[PDB]
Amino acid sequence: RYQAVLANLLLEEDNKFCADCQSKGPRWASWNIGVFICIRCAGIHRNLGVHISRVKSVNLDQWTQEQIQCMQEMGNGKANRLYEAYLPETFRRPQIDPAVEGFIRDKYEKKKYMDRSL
């Protein structure tokens, strides 16, 4: 029902890369946060708990209109501005599982780098 809408959102340039690790062509999402993520980072989001992140597959899960709306109102661009506001420009974005797990908890659970005014 909503694959088309999701497809059009996956065309947005920021959404062509995982929000957390920037690997190309993410096919998963945290819909309450509003980010498109790769399957590995979706695995990490899942373990954060549903109080923090609620993870769906873009192509295997059924979506509600409100959940789609969540992605429309955020996405990886707007999410970077909120959750990575205070990320040093020097920062080396991690790539390996345990470093990525720390970075994702830091971003969404601890909110180390978040601009709270947003």
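Note that residue numbering begins at 1 and tracks the sequence as displayed.
- Stretches compared: 31-39, 61-69. Higher mean C-alpha B-factor in the entry: 61-69.
- On average the C-alpha atoms of 5-13 have higher B-factors than those of the other stretch, with 100-108 and 5-13 being the two compared.
- The deposited CA B-factor of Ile44 belongs to the lowest third of values across its chain.
- Sort the chain's modelled residues by C-alpha temperature factor and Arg92 lands in the highest third, per the entry.
- Ranked by C-alpha B-factor against the other modelled residues of its chain, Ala85 falls in the highest third.
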